[PDB]
Amino acid sequence: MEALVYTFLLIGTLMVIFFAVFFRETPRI
Amino acid sequence: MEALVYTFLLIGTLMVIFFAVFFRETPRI
Amino acid sequence: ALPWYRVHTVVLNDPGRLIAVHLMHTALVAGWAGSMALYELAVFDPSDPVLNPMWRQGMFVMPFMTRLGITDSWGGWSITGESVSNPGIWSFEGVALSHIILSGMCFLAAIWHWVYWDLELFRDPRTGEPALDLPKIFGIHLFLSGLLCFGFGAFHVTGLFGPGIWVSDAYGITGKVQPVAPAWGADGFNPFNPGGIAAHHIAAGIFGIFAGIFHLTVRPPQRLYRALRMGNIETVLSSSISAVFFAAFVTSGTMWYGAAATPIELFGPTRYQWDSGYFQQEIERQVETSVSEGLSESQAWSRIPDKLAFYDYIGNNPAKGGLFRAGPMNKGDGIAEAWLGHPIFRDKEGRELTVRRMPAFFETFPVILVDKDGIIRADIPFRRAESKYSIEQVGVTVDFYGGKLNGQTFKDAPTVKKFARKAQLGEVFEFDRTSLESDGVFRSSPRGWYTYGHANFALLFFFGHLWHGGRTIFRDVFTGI
Amino acid sequence: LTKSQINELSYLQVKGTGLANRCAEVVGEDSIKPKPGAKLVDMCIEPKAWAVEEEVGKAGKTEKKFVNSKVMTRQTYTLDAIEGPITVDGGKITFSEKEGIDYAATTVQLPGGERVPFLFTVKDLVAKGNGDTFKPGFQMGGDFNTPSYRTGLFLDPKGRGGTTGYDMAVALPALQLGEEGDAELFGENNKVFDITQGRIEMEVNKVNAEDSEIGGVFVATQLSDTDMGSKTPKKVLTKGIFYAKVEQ
Amino acid sequence: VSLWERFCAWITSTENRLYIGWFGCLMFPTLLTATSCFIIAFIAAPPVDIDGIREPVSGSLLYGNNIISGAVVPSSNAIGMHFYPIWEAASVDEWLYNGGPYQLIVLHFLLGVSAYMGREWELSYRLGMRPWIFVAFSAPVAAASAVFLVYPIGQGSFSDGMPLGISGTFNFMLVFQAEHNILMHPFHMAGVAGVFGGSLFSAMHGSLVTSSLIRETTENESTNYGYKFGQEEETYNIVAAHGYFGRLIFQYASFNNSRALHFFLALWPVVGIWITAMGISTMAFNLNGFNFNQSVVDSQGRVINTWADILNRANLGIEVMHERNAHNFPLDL
Amino acid sequence: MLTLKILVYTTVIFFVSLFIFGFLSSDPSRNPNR
Amino acid sequence: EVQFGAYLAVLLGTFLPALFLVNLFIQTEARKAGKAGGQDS
Amino acid sequence: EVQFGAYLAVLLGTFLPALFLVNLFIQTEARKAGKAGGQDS
Amino acid sequence: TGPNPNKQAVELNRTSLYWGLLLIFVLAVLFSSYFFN
Amino acid sequence: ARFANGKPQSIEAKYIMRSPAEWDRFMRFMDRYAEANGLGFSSXXXXXXX
Amino acid sequence: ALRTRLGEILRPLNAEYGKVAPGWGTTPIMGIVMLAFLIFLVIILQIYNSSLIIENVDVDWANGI
């Protein structure tokens, strides 16, 4: 049953990575 | 072990009640 | 404006709100103490204080209560085995409830001090701005703490007007709370001499009282005032952190190595009891004297108390558990039932083979039998192909003395191997592996847990002191070069 | 106070006072020398102290010791109005209890919160005195049996009993419908009723001859209650005083 | 200026966050001790014998109960109506074995609610308003007294009072039905009518008032934000609400004097609850509801069952089972 | 347990006398209008 | 005895909505403070 | 097999700090929006 | 009593939010198995 | 318990100590109210005169 | 601001602030005391370490009871 927890944690980390690339603060000069 | 959960829930409800009496929005006219 | 790690700096120049925040912290600490005591009382089992002591059940707060004199409980039982009739308010439950009430009152006081922050007391008449005379506040608080230390030493330890402290035997068989007379000599600095505690507290009291009077009267010199920045509260913070991690290191060391303030019966045996064969040597000496006075070997071994034999077991070694093996020791082996008796290994020529006990480092150790001169005589072969020392080739027998198996002997091959493997690690005991679903793995003492937590906290607080002292010294530049 | 003093008091003066449990004292040590065929018309057995056999460690060693315990039931324990025929087989006084209020439900609480109910009874007693005349220094002794604390008509919280009630745990129907159904539960579904044994030792003290009354001190050890065979019973030790009047 | 005067003044002050008053001197300590004992007992009270047959019943959280099954078990049947304070027991353990905390909590709670009524009146007097809110609060107080004190008095034992818990409350209600036939009592009918009517009138009054609310807000802002505390004009249109109500049912049938409307709102549930508390009080002395058992008989004489006979059947089923071990004789007197 | 009875008997008479003498201290005069 | 999945259900259902509501209140107050000029930006 | 208390530890230690950080960010953005005049108050 | 002159605000960038979320999730990933044991 | 009892004083100590609380109250009340004999207001619940 | 009764009592304790003695004050006594404390600490440490053996002081478990 802990396989579900491990999978959830890994997918959540991947989603966080996804949001940090395509939804980042645009740096302006 | 669920006695701990029940006690925590009851004490948390009591604390919420405490904060709603002495930390309320003061109604002004 | 303020980054998340800098959020608590608003209370830097609001003497009033500081008090409120320190009071909130005090309330949290007291509430934790009370709630932890209540939980431990809920899960405690005061049935057998011989083979199921407090340290065996994972109690962390109970030893500190029992050290200072709290033994009775409202349930009618006593930690020293006896029964108590009508204990007073100062039982385990009374202490827990008192702490919870203190937490609540501190919470209310914190609220009041946060709301009424602008008190004229925290103002400087000369300038009109909030300010604290730190060299004078220090004198006041140090004088108070010296008075408290002297009172505790003279009245609550010497038993003049107090219960006393926990005092035990050299082997932790008969220990109880009693007043301790101070030792005003070189032996007062013996860490294992309980009179040293009373002597220290009385002398350090009479010393800190005079220090506090001095600080109340005498003003600082200008050179020190400018050098130490004795007008900035953060230098107080850094120095206090320094003292705190110094104290944490000292306490962790004294618990790991043992002292009069960390008795065996409360926190369990130390690591170094097992290395030097402390209890094993004591057991051998007692058996030798019982044989010398004239008695059968079986009855000589049957006079050894079960507590003494239980100390000589590797499951009670604090340096044996793991970091993530949670729970009490009973979760590791089960609740100890009874002593199985001391086995004696003999071979065909009637020698006395002894099983080499495993050291604390190893987790798997081979079963090896050696004679009185340390020469291999038998073992359990890993590869039984050309083994010349197997337990079957060299006939070896066991004869249990003084226990559940007292007077019994075994000549069979598999049973001798079973008992050799059992006796490879300390004495042999009977455990209940079903009450808590005990798995097959050891666990650590409250001694080890306290030492680990406090050593790590001290190591972190050294860094905290470094950072804060550096921030005090570089205050003007701490915004940009 | 003695029976001659309690008989002066009216019922209104006694109610509530709590002396209904107390046993009348006897004064004026003397010898009765009972006539054969006489019997004890009244007999009050009052326990003054209760203890339960328990295991406790003194200095690292555990041994069977009787630990004290406070009684939870208020003022019920005392027995009274026990009657029995005194006989002389070989010049020895034998009480032989026959009838009277001799059982008394009692609950006592051990240190640690343990509650031990037991039936304090003197049934089928057979005393064997150390002579004849009930005279200062006499001893009786004897053995007795203790009936079941709960009779057949008692029902468990789930509705199971011996003479009446469900034979199984109706709350759990999945335990049925399986070849070997409720078995682990057979130990609790089956209600057994067994009689125990108790040993009492009575020593006589000051004996009045004019009023034909005897008083003294007893020591009794009775087997505790077993919850219809669900739990192993405990051992209860009791000591106190007594009083009895012999009619000739 | 004396000390007594100064005190009396602080006590009757109307500028304290919570009004103390002279009734507060009875309400505060009593309610506080009642709630402290209740909280402790709900967590760690040992089992108590309630039927006085040496069969203790557990009601504490630490004894394998949950919030619903847990309760404060009433005192033992052996005590009956006798006063059982702490100091009359020989030990605190024995006091807990016979259910003393129930008596303590219930007596303190009753004194506290009476003092609460008094304090409501006292503040009404201090603020210069019309003094009849505590008359309205009398109905719950009367109900609580009937269920906690009057019924044990009539039955003759504190073991017959309502246990302080959920499942205990349900058990009390079921046993009351079995032994007394509460449903067929006209006062319980009046109480059900009062409670249903109170809910009906509350819902309808709220709907009528909120529906006719003067437009003083946008759509992206809570309608409640249109009203400002301390207004001088009505935020709702009585005319529109009365028009809707009259068109809904009938023209004659309708309230206009909003004062009469609010008086009726106060009157209905209060009189309902008073009548119900009187039902409980009357039935505490064994004046049960209607017994229409075997009332219908055919020509021959055989009995024809009605819906009341099935109620009697259910009552028999409950009755022969409640307190299974307590009874020794055929009648329940 | 006689001490506990003594302490409670005090608390009770304490608060009851507080009540009785608080309502005897010209309470009807205490009122918005004068 | 009891189900060991309830723990997660009870604790998550207590904490997550509570933190959601606390979040709503905190952001409302922060926006209100930002609207009015003062020491808070 | 595994400890049934970890579930609570892992899940609470994942969710509570995450919601705390999300709260901080949301209130920062709300204050920023409140400071600048516009449709948001 | 009064308006405290020491009350400041609190800020957190979105990059700080991403760093914090990543740290929390990675710590959970690292320690989950050890907690489960 | 059920021993009837004048009030519920069982020990002279209990009566002699339920005494000082009431007498303490009488004294604090007398502190304000002393040397009062007349001043009849003759009005509906006035008691205006102190 | 909000003079409280307590505040009135505790005012003299916080009255003087920033007062200081000029010219090294009593620093040499602080040096003496710090050095003697260092000597005491090394004495204690070496006794506990069994690196300093003194008559009548055996660093071992003893029978207080």
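A, B, C, D, E, F, G, H, I, J and K are the chain letters, set down in written order, and residue numbers restart from 1 in every chain.
Note that contacts are C-beta pairs under 8 Å (C-beta built on N, C-alpha and C of every residue); 3 or more make two chains touch, one makes a residue touch a chain.
K.L.:
Count of steps on the shortest touching-chain route from subunit B to subunit J?
P.N.:
The distance in steps between these two chains is 2.
K.L.:
Could you tell me between which two chains the number of C-beta pairs in contact is largest?
P.N.:
Highest contact count among chain pairs: C-K.
K.L.:
State, to the nearest whole Å, the distance from the C-alpha centre of subunit D to the C-alpha centre of subunit K.
P.N.:
Taking the average C-alpha coordinate of subunit D and of subunit K, the gap between them is 69 Å.
K.L.:
Quick check: how many Å separate the C-alpha centres of subunit F and subunit J?
P.N.:
Measuring from centre to centre gives 9 Å for this pair.
K.L.:
Quick one: report the Å distance separating subunit B from subunit H, using the average Cα coordinate of each chain.
P.N.:
22
K.L.:
Quick one: report the Å distance separating subunit D from subunit J, using the average Cα coordinate of each chain.
P.N.:
Taking the average C-alpha coordinate of subunit D and of subunit J, the gap between them is 55 Å.
K.L.:
Multi-chain contacts only, two chains or more: what residues does subunit E have there?
P.N.:
4, 62, 93, in rising order.
K.L.:
Would you pick out the residues of subunit B that each touch at least 2 other chains?
P.N.:
Residues 2-3.
K.L.:
Enumerate the residues of subunit I that touch no fewer than two other chains.
P.N.:
1-2, 7-14, 16, 21, 25, 28, 32, 35-37
K.L.:
Spell out the part of subunit G that touches subunit H in their complex, as residue ranges.
P.N.:
4, 7-8, 11-12, 15-16, 19-20, 22-23, 26-28, 30-35, 40-41
K.L.:
Provide the residue numbers of subunit F that touch subunit E in the complex, in ascending order.
P.N.:
1-2, 4-5, 8, 11, 15-16, 18-19, 22-23, 25, 27, 30-33
K.L.:
Which subunit I residues qualify as touching subunit A in the complex?
P.N.:
Result: residues 13-15, 18, 21-22, 25-26, 28-29, 32-33, 36 of subunit I touch subunit A.
K.L.:
Which subunit C residues qualify as touching subunit I in the complex?
P.N.:
1-4, 7, 10-14, 17, 115-118, 323-326
K.L.:
Which bits of subunit H are touching subunit I when the two form their complex?
P.N.:
Subunit H residues touching subunit I: 2-3, 6, 9-10, 13-14, 17-18, 21-22, 24-25, 27-28, 31.
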